[PDB]
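Computation of the quantities below employed the complete heavy-atom set of this structure, encompassing side-chain atoms and omitting hydrogens, waters and symmetry-equivalent molecules. Residue numbering restarts at 1 for every chain, and letters A, B, ... go by the order of the sequence lines.
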Amino acid sequence: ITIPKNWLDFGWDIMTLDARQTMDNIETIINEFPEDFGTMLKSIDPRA
Amino acid sequence: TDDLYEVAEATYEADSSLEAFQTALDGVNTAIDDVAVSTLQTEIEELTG
């Protein structure tokens, strides 16, 4: 049963770490919207 | 008595050959001591891995 132990330690990152990988991508992707909103405020403002 | 001394020595042929059974049953244990204990090593390589 050390066969599992050998295969696990790298393999489980696909669940363990990839969640964190992909969320930071998602969180930075989402931050394009606060950016965009910031752009649209800075462009709507001069109408007044 | 002689007729029973023949039986005595007949018990002693069987006695002496039962020392041969000590070889055939007791020294013959050794395969146990091998196969129980030359046999983690093949599986330990999945620790080394």
Side-chain angles (χ1 to χ4, degrees):
Chain A
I1 70 162
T2 65
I3 292 165
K5 302 182 199 175
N6 196 9
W7 292 111
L8 276 164
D9 291 3
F10 58 111
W12 48 247
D13 291 344
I14 294 173
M15 299 181 284
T16 306
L17 300 185
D18 192 46
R20 292 174 56 206
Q21 189 273 56
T22 53
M23 279 310 300
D24 208 351
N25 278 25
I26 287 159
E27 289 182 290
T28 51
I29 286 162
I30 291 165
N31 266 268
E32 295 174 24
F33 313 127
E35 276 299 342
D36 185 25
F37 307 152
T39 72
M40 289 311 293
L41 291 194
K42 295 161 202 174
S43 72
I44 289 163
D45 164 277
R47 299 181 198 186
Chain B
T1 317
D2 307 52
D3 298 341
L4 243 159
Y5 222 97
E6 290 177 352
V7 180
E9 71 79 24
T11 78
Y12 312 135
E13 280 191 323
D15 186 22
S16 48
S17 55
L18 282 153
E19 297 298 339
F21 273 101
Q22 294 222 232
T23 81
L25 297 167
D26 314 333
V28 165
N29 278 309
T30 192
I32 299 157
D33 309 297
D34 183 0
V35 179
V37 188
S38 63
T39 47
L40 286 152
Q41 60 189 343
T42 60
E43 308 319 297
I44 292 165
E45 290 280 42
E46 290 287 350
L47 289 165
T48 71

- Between the CG atom in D24(A) and the CZ atom in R20(A), the distance rounded to the nearest 0.5 Å is 9.0 Å

- Task: Hey, could you give me the OG1/CG distance between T22(A) and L17(A), rounded to the nearest 0.5 Å?
- Result: 10.5 Å

- By side-chain contact (heavy atoms from CB on, under 4.5 Å) - contacts of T42(B) (at least two apart):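 Counting only residues at least two positions away or on another chain, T42(B) forms no side-chain contact (heavy atoms from CB on, under 4.5 Å).
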
Show me the donor-acceptor pairs within less than 3.5 Å that the side chains of residues 5-16 of chain B make with the rest of the protein, sequence neighbours left out.
residue, atom, partner, partner atom, Å
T11(B), OG1, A8(B), O, 2.6
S16(B), OG, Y12(B), O, 2.7
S16(B), OG, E13(B), O, 2.9

- Query: For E35(A) and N31(A), what are the C-alpha separation, side-chain angles and deciding distance, and is it a side-chain contact (heavy atoms from CB on, under 4.5 Å)?
  - Reply: CA-CA 6 Å; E35(A) 276 299 342; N31(A) 266 268; 5.8 Å; no

Indicate if [X] and [Y] have the same hydrophobic cluster label, given that clusters are the connected sets of ILVMFWY residues with side-chain heavy-atom separations under 4.5 angstrom.
| X | Y | result |
| --- | --- | --- |
| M23(A) | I30(A) | yes |
| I32(B) | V28(B) | no |
| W7(A) | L47(B) | no |
| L8(A) | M15(A) | yes |

- Message: Restricting to non-hydrogen atoms, name the atom on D26(B) and the atom on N29(B) that form the minimum distance, rounded to 0.1 Å.
- Response: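 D26(B) and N29(B) have their closest heavy atoms at O-ND2, 2.9 Å.
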
Using atom types as modelled, flag every donor-acceptor pair under 3.5 Å from a side chain in residues 41-48 of chain A to any protein atom, sequence neighbours excluded.
residue, atom, partner, partner atom, Å
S43(A), OG, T39(A), O, 3.4
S43(A), OG, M40(A), O, 3.1

- Test item: side-chain donor near acceptor, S38(B) and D34(B), under 3.5 Å: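 Indeed, the side chains of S38(B) and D34(B) share at least one donor-acceptor pair under 3.5 Å.
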
- Close side-chain approach of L40(B) to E43(B), heavy-atom, < 4.5 Å: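 When only atoms from C-beta onward are counted, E43(B) and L40(B) do not touch, as no gap falls below 4.5 Å.
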
- Task: Ignoring hydrogens and angles, tell me if any N or O in the side chain of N6(A) forms a donor-acceptor pair with the backbone of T2(A) under 3.5 Å.
- Result: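 No: the side chain of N6(A) does not pair with the backbone of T2(A).
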
